[PDB]
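# Descriptive structure summary
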Amino acid sequence: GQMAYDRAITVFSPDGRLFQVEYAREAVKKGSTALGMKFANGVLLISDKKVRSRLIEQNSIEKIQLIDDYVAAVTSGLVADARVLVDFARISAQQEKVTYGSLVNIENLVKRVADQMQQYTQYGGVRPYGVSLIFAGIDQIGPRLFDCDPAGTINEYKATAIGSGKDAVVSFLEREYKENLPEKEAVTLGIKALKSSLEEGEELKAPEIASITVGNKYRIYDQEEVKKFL
Amino acid sequence: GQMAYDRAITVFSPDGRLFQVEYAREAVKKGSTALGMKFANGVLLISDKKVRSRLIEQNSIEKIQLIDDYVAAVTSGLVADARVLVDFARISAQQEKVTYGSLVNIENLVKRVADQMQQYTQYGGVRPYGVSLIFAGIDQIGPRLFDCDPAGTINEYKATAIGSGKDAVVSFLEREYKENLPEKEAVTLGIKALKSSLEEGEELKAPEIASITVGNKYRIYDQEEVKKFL
Amino acid sequence: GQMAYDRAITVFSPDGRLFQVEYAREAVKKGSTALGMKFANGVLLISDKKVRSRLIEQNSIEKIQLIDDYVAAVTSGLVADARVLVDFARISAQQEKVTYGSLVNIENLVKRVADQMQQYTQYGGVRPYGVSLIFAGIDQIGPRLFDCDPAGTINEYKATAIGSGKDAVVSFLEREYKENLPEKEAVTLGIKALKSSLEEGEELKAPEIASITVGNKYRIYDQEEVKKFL
Amino acid sequence: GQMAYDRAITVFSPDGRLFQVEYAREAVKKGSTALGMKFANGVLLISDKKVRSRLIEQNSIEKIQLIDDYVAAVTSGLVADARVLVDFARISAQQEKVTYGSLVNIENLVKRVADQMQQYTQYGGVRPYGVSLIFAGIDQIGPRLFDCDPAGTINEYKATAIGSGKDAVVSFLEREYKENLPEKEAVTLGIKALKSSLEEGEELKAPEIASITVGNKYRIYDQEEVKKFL
Amino acid sequence: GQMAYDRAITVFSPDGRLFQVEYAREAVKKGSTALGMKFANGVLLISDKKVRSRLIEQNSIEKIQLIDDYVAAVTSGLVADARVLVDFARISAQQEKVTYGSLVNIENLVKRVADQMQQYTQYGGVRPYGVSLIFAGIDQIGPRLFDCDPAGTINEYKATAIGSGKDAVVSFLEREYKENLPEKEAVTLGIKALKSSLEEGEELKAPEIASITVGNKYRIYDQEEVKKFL
Amino acid sequence: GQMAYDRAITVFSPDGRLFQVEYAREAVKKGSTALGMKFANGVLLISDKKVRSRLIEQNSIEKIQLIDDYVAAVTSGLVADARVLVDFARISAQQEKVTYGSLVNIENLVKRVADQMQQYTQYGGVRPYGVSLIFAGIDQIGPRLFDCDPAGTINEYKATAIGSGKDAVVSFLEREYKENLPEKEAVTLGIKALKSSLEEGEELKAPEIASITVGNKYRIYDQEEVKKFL
Amino acid sequence: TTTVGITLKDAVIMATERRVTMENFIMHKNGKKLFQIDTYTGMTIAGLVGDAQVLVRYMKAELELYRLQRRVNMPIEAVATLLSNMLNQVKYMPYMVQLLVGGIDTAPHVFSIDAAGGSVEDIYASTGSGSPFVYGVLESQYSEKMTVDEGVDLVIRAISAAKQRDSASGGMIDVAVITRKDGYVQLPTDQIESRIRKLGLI
Amino acid sequence: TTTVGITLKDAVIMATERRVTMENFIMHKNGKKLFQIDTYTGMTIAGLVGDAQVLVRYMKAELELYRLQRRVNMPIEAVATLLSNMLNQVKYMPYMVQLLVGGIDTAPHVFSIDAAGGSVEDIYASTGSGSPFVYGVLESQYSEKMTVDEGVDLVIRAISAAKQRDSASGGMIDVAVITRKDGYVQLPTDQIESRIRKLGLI
Ligand SMILES: C[C@@H](NC(=O)[C@H](Cc1ccc(O)cc1)NC(=O)OCc1ccccc1)C(=O)O
Ligand SMILES: C[C@@H](NC(=O)[C@H](Cc1ccc(O)cc1)NC(=O)OCc1ccccc1)C(=O)O
Ligand SMILES: C[C@@H](NC(=O)[C@H](Cc1ccc(O)cc1)NC(=O)OCc1ccccc1)C(=O)O
Ligand SMILES: C[C@@H](NC(=O)[C@H](Cc1ccc(O)cc1)NC(=O)OCc1ccccc1)C(=O)O
Ligand SMILES: C[C@@H](NC(=O)[C@H](Cc1ccc(O)cc1)NC(=O)OCc1ccccc1)C(=O)O
Ligand SMILES: C[C@@H](NC(=O)[C@H](Cc1ccc(O)cc1)NC(=O)OCc1ccccc1)C(=O)O
């Protein structure tokens, strides 16, 4: 039954489902866990790192990407598709700055990215992007936190997560998250949430941390500062 | 089950896999083994040679190709697709020089090549390139070493390998690689890594060696110098 | 198993094979045997002739075609596709002469032809050319000898062959070929190689012979001269 | 086995065959037999006529068509496709006259027609022409006689035939054809060849005869002259 | 066997047949019978009428259509496709008059219509017209009578028929047709031919009659004149 | 058998049928019954109304649409496709008025609509309109009444009907219709015809009535006048 | 340039001179300005040489294709109409030519066509810089009852007068006669010279 | 610029000078204006150097491809017709050149082609600013019965006269002789100098 309605993107199932979009969401769950949360006059992003062999440079596997000095993004899923979407977001942000002289709402930037992803779910001959993204930054309204799925759906969160351990992290944040926390406390809480999603075999491995506050630009935590919360 | 989701490039499997991309990676493993590693103020490339009949000229089977005087590439997989990608890289490098007057980051050149390969995995009516590439050179940041797969993924390495004996070489380099080695020592280590990947029947056959140092252009090792490490 | 991955050109097999390209190579092996070899300051081409009924004019079945006064080609496989590729090569050669005033490297001409053939193996809605070609001539580097397959692969040889008796001829040349032979000796050796590939029933039938030397243009052997080596 | 590789034009069989092209050749063998032969300073065409009911005008079923005053063609196979190809040949001939002021080689005209037919065997969404053609005329080289098949192959003959009785006619001409015969003798020989291809039930029925000599234009034999050889 | 080669227009059968074209000819045989014949300095058309309910106006079911004042056409098969082809013929006739100032040969007009129909039998994504047409008129050569089939074939007749009772009418005309008959006698003969094609149950029902003579325009027989031959 | 030739619009059945067009006609029979008839110097339209819940406004379910002040149309079948065709007819009518300054023949307007519908039955990638239409109005010839089917066929009637109860209404009109009736009598006859098509369970429910006379514009019957014939 | 075409009872006579003025001097003395474009049709050209030669090649191709498809020669008025459409379609980037078309389909015809595509049938016409001198001779001496021999002498005298007064005209006179019985016949040069000597024009 | 081409019984002789005037002064004294474009065909160029050089490359490519496809050399009149079409197709954005084409197919031919695509065959022709001086020499001294040696001396004298009166012409004279027996042969410079000394032109 299901195998008869899961071969083409533009085919609805008898119960009104799009299995090709659903299958793309399975690719997202294979990616590394990442999360973001808002705090007092700021927002931060944490991305888990799976340490590979020592032959890999520790500068290209960074999943946190700056869209500009005030907007950052983190992705999960197909790396190649994620790189294309990040490049599209950067071009879209600059187009906004050329047209109006500045960027006023981050939600508009997310919508342009999501509209691009939604287009690849309605026309034949293409496949949907197998990537989920989280956008966080500061605009003329304040700290913002958004997520985007392969289907192109947009939601705004006080705290959210993507990746393989998404369910474990969101459950942990459902119990222990507090609003308007200081930046240091928020990072400690985020480390515990990422810690509570791994298996018993492994342990936390000094992830990527980035944050921004109102009136300032994005700053990337160095390895020395990360070890302090480790 | 798998045979129902491995016929079209733009079809996701129920577990979120792209089998056509995976099958392209099988073509890569049929190619000859090649590797590259960085050393003190430089980077080198080694490509194994399978000696065919004496009727073949020993000038066209060279898998190491110069993108410019400061960037070189080596490929593995479908030869015909590899030639097209190398030509695309050379044109892309010259476009960068015309626009800005010079080449500043090699990673940008690799991204343009990878974006071309990623495009052939999302649109119907085309097949992905069955080629993996390694890019090494000197730019305004220093020695660089990149790899690219049929899916269009990009990673940066201190040392890496491609081809049939990729697993054996990377395991050997995982145990014996050292940083900031002199050029002569690095070549000797690379020969042993390539040696430790062949079967008991055959033996090493004077491969291709190329290297470059900061402030200089790429130089190709002649047969006389290769025999000295043989 | 194989029958599920051999219907479309743009489909990889589970073991990373392109069966449609492979099937095109089967059409090549149905053609008449042809070979070429380099000698002292020159290169020659020999193409076997299968004598049909006397009603056929002995001027159109010539498989050796001049690309210009200094480059010649011989083909094997589908005659109709071979004619199209030869016309494409002739146009490409003239485009080179208009742009630069002369032709410097024959290898560049072969690459343009091979790129055309490679394109017909990656896009849907078209089939690959079922033709293999051998290019021989004199350029600013010296005598050159190239071959091209339906997949678009390029190799340079001191001596090579195409067609049905390719395996027998290359084995014979693997044992008896010598470098820098005089033109008369090279033709005699080539006749024996073509002779050693036929079945016991038939015999050699005065084939086509063409050759060129440095500083001169291509000359076509007449029937009188061919009978002297017969 | 064969039924799995005979549905699409752009699909090679495992043994390197194009069955759709082969099937088009079957449509040709359903057409009426026609033949042409060269004689002393001239060339002629003979086309068998199958007499239908008396209600059909005896002016439109003529299979011999003049391309110009010096080139004529005869076709066999699908009538509708044959009409299109004849119109294409006439336009191509006039384009040659506009560009150069005259027509020098008839073989060039045949190649343009054959290239059109070859194109319809390599691209999807179209079917090959089910027509075989014979071109005969006088140019700056002398009497010419060509044939063309659905695959687009070109051959030059002293005498040839197409249609249902092609095998019988070519066998008869293989035994009794002579070169440089007078025009009257050549017509008598051609009538016997066409006669020797019919079944025992029927008999020859006053076919179409056309001929041309050097320095003159094409002339069409009238019914009175045809009865003289009947 | 047949069901494997009758789904696509651009697919040849193993015996060189185009079943989609053949199936279109079946739609033609469902139409009402119509016929035309030439007489002394003229030509006429007769089209059988199947009387439907009295609620239908007796002015739109007329199958005889004037292409201009000197050319008329009658169709059989799919009414909707027939209307499109008649409109195309009318536009084509006016294009001829604009270019040359008059219409010289009716056969040229028929060829343009047939070329349009032939095009819809060689390209995928379209279906052939299921219409057969008969063209009759006066040009600079004299009375003309042509027919056209879905395949685009053209034949010229002294008398012919189309529709369901085509076989019965042509057999009757094969026995009783005479040339250069007066107009009144020709109409009487045509009525008998149409009468001899119906079943025993029904009877002739005052059909459409149109005729034209040299030096005059087309005239449509009124019901009063039709009853005189009834 | 039938299931093998009913999947694509551009496929003929072995007996020369287009099942996709036939299936579109099934959608028409699901619509509400409507009819039109001509009377003395006028023509009227009646469309049955199926009373839904009271929450629906009684102004948008009107199936009678004015093309202009002198032409009206009523449709049956897919509502969404019907709206598109009505909009196309309105644009076509205005194009006629811009080009010539007025509308002379309504039949020309119907042909443009029918040509649009016929086009969607011959090209792949589209589906036919599942709508039947009736056009009635006054032009320079007099009262006109036309119908159009999904196949694009055009017929002119003194009285006709479309919808689910088409067969019952046309049978009733076949027995009781009279020509040149007064407007009041014609409406009473039309109500009885619509009444004689419903089932025993339900009853007539004050339908839509519109009419026009020579020299006047279209007028829509109000509910008060409809109840007088109820 | 001087071209002329006249009609008789059953014949059409066309004639031109041969002088070509390229780069403001007499560069060519034996140019060709009279062409056969069909079995019973001829054409003369005046104006830009490049434009005229292209049109001649186009007309030969169109008329030959027309004959092969419709099995009959194109009527003379249809030839003029085809030329009229071709020239008018590019009227704002036009061919800078003056054309005469003459031939036999069922009766003699001569057509004059301008650069804008205007086509007018006439009993006789003349084009080129020497045309007004020709019209003077034709107005005073042309007769519809003339024989073919008298018509040939008439066009020779008219062109000879033009050469005496128009510096852009000169060279040998080429004459063609078109009849149903004999088709398109170009008179030999020696015959033209004999007529010139007999008329006392040298 | 001064170019000339003449026809003899079985030969074609073409000759040019070498002066190139770039930026209103004599910048180059040894320019090339005579080219071999086929086995038995040559061409001379006058006008804009850039346009002329592009056309020479086009003609070499077209003629070589023609020879390879149809197995024979293109006829001389066909070469002129091809050039005529190419120039006329861009007449409103034209090549600002004057061209001479000469060669042997079955008989000697010389064609003159202008920027608008007009092509006229002639027994002899000359192009460039020095052409009127050449025509004066040819009108008084050319003979159709001349031998090849006499023809070579004739073109040398004609170009020498042009160099004495046209400031845009000068430099060494290049001469080519085309025959069926010997093909395209460019005369050596020393032989030209010997003829100049024998004729007393220095
Ligand atoms: C780095 C990134 N993940 C990754 O490393 C992803 C995980 C993944 C693998 C296979 C899939 O089919 C889907 C997703 N790997 C990935 O994108 O490369 C593997 C790949 C497999 C098939 C087609 C193309 C590429 C993350 O942690 O978000
Ligand atoms: C030189 C290069 N390898 C090679 O020589 C590759 C290896 C290969 C063969 C078949 C495959 O299907 C895939 C890869 N051969 C190759 O590209 O030519 C064989 C070929 C087979 C099928 C389609 C097109 C070409 C290397 O060593 O990297
Ligand atoms: C002259 C040339 N060979 C030939 O004569 C080739 C050999 C061949 C036949 C059938 C095939 O499917 C493939 C190759 N014949 C050929 O090209 O014509 C036969 C043909 C068959 C099917 C489709 C189109 C054409 C040679 O000797 O190289
Ligand atoms: C006049 C011409 N032959 C003919 O009359 C050909 C013979 C033929 C029939 C059916 C086929 O499938 C193929 C060929 N008939 C033909 O072209 O018309 C029949 C036809 C059948 C199917 C599709 C289109 C047309 C000849 O003698 O060459
Ligand atoms: C008036 C005209 N015939 C007719 O009335 C034709 C006969 C026909 C019916 C169904 C078919 O599949 C094919 C032909 N009817 C017709 O064209 O309308 C029925 C139709 C059926 C399926 C698709 C489109 C339209 C005639 O007598 O020639
Ligand atoms: C108002 C109009 N009829 C209607 O209300 C039509 C009747 C119909 C329903 C389903 C069908 O598949 C076809 C026709 N309904 C309708 O167009 O909406 C239902 C629908 C069903 C499937 C696809 C799109 C729309 C009428 O009375 O003419």
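Residues numbered from 1 in each chain as written, not as in the entry; some residues may be left out. Chains lettered and ligands numbered in written order. Part of a larger assembly, values for the part shown. Heavy atoms only, no water.

For this deposition, the record names cryo-EM as the technique by which the model was determined and cites 1.94 Å as its resolution.

Under the PDB entry, the name given to chain G is Proteasome subunit beta, and the organism recorded is Thermoplasma acidophilum. In its PDB record the entry is named "Thermoplasma acidophilum 20S proteasome - wild type bound to ZYA". The heading Catalytic activity in the UniProt record of chain G holds the text "Cleavage of peptide bonds with very broad specificity." As its UniProt record puts it under Subcellular location, chain G is described as follows: "Cytoplasm". (UniProt positions renumbered as here; feature names shortened; annotations may be inferred.)

Chain A appears in the PDB entry as Proteasome subunit alpha from Thermoplasma acidophilum. The UniProt entry for chain A carries this comment under Subcellular location: "Cytoplasm".

In terms of helices and strands, chain A carries 6 helices and 10 strands. Since a compact globule built from 230 residues should have a radius of gyration of about 17 Å, the 18 Å found for chain A is in line with a globular shape. Judged by the C-alpha coordinates and their principal axes, chain A covers about 55 × 50 × 40 Å. For chain A, the proportion of its 230 residues judged to be buried stands at 50%. In chain A, of all internal contacts separated by at least 6 residues, the share reaching a separation of at least 24 is 64%. Each charge sign in chain A was given a centre, from 30 positive and 32 negative side chains, and these centres are 2 Å apart. (Helix = DSSP H or I, 4+ residues; strand = E, 2+ residues; numbered from the N terminus. Rg over C-alpha atoms; globule rule 2.2 N^0.38 Å. Buried < 20%, exposed > 50% of the residue type's maximum accessible area, 1.4 Å probe, protein only. Contact = heavy atoms within 4.5 Å. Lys, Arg positive; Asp, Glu negative; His and termini not counted. Charge placed at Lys NZ, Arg CZ, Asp CG, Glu CD.)

Let's shift gears to the site of ligand 1. By nearness alone, 15 residues border ligand 1, and A:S32, A:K63, A:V79, B:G16 and B:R25 come closest of all. What surrounds ligand 1 is not a single chain but chains A and B. Separating an oxygen atom of ligand 1 from a backbone N or O atom of A:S32 is a distance of 2.5 Å. Contact distances for ligand 1 include 2.7 Å between an oxygen atom and a backbone N or O atom of B:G16. When the free accessible area of ligand 1 is taken as 580 Å², the share hidden by the protein chains comes to 75%. Among the secondary structure elements, those contributing two or more residues to the shell around ligand 1 are β4 (71-77) of chain A together with α1 (19-28) of chain B. The dominant element in the shell around ligand 1, judged by the number of residues it contributes, is β4(A), at 3 residues. Classifying every residue of the shell around ligand 1 by side-chain character gives 5 nonpolar, 6 polar and 4 charged. (Near = heavy atom within 4 Å. Polar contact = N/O pair within 3.5 Å; in protein donor to acceptor, adjacent residues only side chain to side chain. Areas by Shrake-Rupley, 256 points an atom, 1.4 Å probe, with all protein chains shown as cover. Nonpolar A, V, L, I, M, F, W, Y, C, P; charged D, E, K, R; others polar.)

Surveying the vicinity of ligand 2 reveals 15 residues, the closest of which are B:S32, B:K63, B:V79, C:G16 and C:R25. Chains contributing residues near ligand 2 are chains B and C. One of the side-chain nitrogen or oxygen atoms of B:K63 is found 3.1 Å away from an oxygen atom of ligand 2. Relative to its unbound accessible surface of 580 Å², ligand 2 loses 75% to contact with the protein. Listing elements by their share of the shell around ligand 2, those giving two or more residues are β4 (71-77) of chain B together with α1 (19-28) of chain C. Of the residues in the shell around ligand 2, the class split is 5 nonpolar, 6 polar and 4 charged.

This part is about the packing of aromatic side chains. To describe a pair of aromatic rings, you give the distance between the ring centres and the angle between the ring planes. For the structure on display, the rule yields 35 aromatic pairs over all chains. Judged by centre distance (6.3 Å) and plane angle (80°), the rings of B:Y23 and C:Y5 are edge-to-face. Here B:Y23, found in helix α1, pairs with C:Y5, found in the segment before α1, and the two come from separate chains. Residues B:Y23 and C:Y5 agree in their burial class; the two are buried. Here D:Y120 and E:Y123 contribute two aromatic rings whose centre-to-centre distance is 6.1 Å and whose plane-to-plane angle is 70°, an arrangement assigned as edge-to-face. Note that D:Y120 is positioned in the loop between α3 (106-119) and β5 (131-138) and E:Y123 in the loop between α3 (106-119) and β5 (131-138), a pairing that runs across two chains. On the accessibility criterion, E:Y123 (32% relative accessible area) is partly exposed. When the ring centre of C:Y5 is taken as reference, the NZ or CZ atom of B:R7 above it lies at 5.0 Å. (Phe/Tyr/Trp six-rings, centres within 6.5 Å; stacked < 30°, edge-to-face > 60°. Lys NZ or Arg CZ within 6 Å of the ring centre and 35° of its normal.)

Between chain C and chain B, the residue contacts involve 33 residues of the former and 30 residues of the latter. Between chain C and chain B, a total of about 2800 Å² is buried, with carbon and sulfur atoms accounting for 51% of that surface. Joining chain C to chain B, the criterion identifies 16 residue pairs in polar contact. When residues of the side of chain C that touches chain B are traced back to their parent elements, those giving at least two are α3 (106-119), β7 (154-156) and α4 (166-176) of chain C. Examining the composition of the side of chain C that touches chain B, we find that 4 residues originate from one element, α3(C), more than from any other. (Buried area = accessible area lost by both parts, 1.4 Å probe.)

What follows is about the nonpolar core. In terms of nonpolar packing, the biggest core is built from 42 residues, with F:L35, F:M37, F:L45, F:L173 and F:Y218 touching the most fellow members. No other element matches helix α5 (residues 183-195) of chain F, which puts 6 residues into this core. For F:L173, the contacting residues outside a window of four places in its chain are E:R54, E:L55, F:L35, F:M37, F:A159 and F:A193. (Core = buried A, V, L, I, M, F, W, Y, C linked by side-chain atoms within 4.5 Å.)

Attention now goes to helix α3 (residues 131-141) of chain G. Three- or four-residue spacings in an α-helix give side chains the same orientation, since the helix completes a turn every 3.6 residues. All names here are of chain G. Among all positions in α3, only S131, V134, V137 and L138 are buried. Projected down its long axis, α3 shows its buried positions confined to an angular sector of 120°, all on one face. Across from the buried face of α3, at angles greater than 90 degrees, the exposed residues are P132, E139 and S140. Buried-residue contacts for α3 involve β1 (3-7), β10 (124-127) and α4 (148-165). (Arc of directions from axis to C-beta.)

This paragraph deals with the environment of B:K63. Residue and element names in this part refer to chain B. The residue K63 is located in the loop between β2 (42-47) and β3 (64-66) in this model. Taking relative accessible area as the criterion, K63 reaches 19% and is therefore assigned buried. Sequence spacing of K63 and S76 is 13 residues, and the spatial spacing of their C-alpha atoms is 8.0 Å. Leaving out residues up to four positions away in the same chain, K63 has contacts with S32, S47, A73, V74, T75, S76 and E208. In terms of polar contacts, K63 uses its side chain to reach the backbone carbonyl oxygen of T75, at 3.2 Å.

A few words now on the side chain of B:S92. Looking at the element boundaries, B:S92 is found in helix α2 (residues 79-100). Side-chain polar atoms of B:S92 contact the side chain of B:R112, separated by 2.7 Å.

Residue and element names in this part refer to chain G. Read from one edge of the open sheet, 5 strands run β10-β1-β2-β11-β12, paired in antiparallel fashion. Each edge of the open sheet carries a strand with a single partner, namely β10 and β12 (183-186). This sheet shows a mean twist of 15° between the axes of neighbouring strands, independent of strand direction. As defined by bridge partners, strand β11 (residues 174-179) adjoins β12 across 4 bridges and the pair is classed as antiparallel. Looking across to β12, one finds that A176 is bridged to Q186. Set on the sheet, α3 makes contact with β1 and β10; between it and β10 the angle comes to about 155°. (Pairing = 2+ DSSP bridges. Axes fitted to C-alpha atoms, helices over the stretch in contact; angles between N-to-C directions.)

This part takes up the pairing of strand β9 (residues 208-213) of chain F. The two faces of a sheet get side chains in turn, since along a regular strand they alternate between them. All names here are of chain F. Counted residue by residue, β9 has 5 buried out of 6 residues, so it is predominantly covered. As defined by bridge partners, strand β2 (residues 42-47) adjoins β9 across 6 bridges and the pair is classed as antiparallel. Within the sheet, the bridge partner assigned to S47 lies in β9 and is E208. As judged from the 2 bridges shared by β9 and strand β10 (residues 219-220), these two strands associate in the antiparallel manner. Counterpart to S211 in the pairing with β10 is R219.

A word on the arrangement of the chains. Separated throughout, chain C and chain G approach each other most closely at a C-alpha pair spaced 26 Å apart. What separates chain F from chain G at the closest point of their C-alpha atoms is a distance of 24 Å, and the two make no contact.

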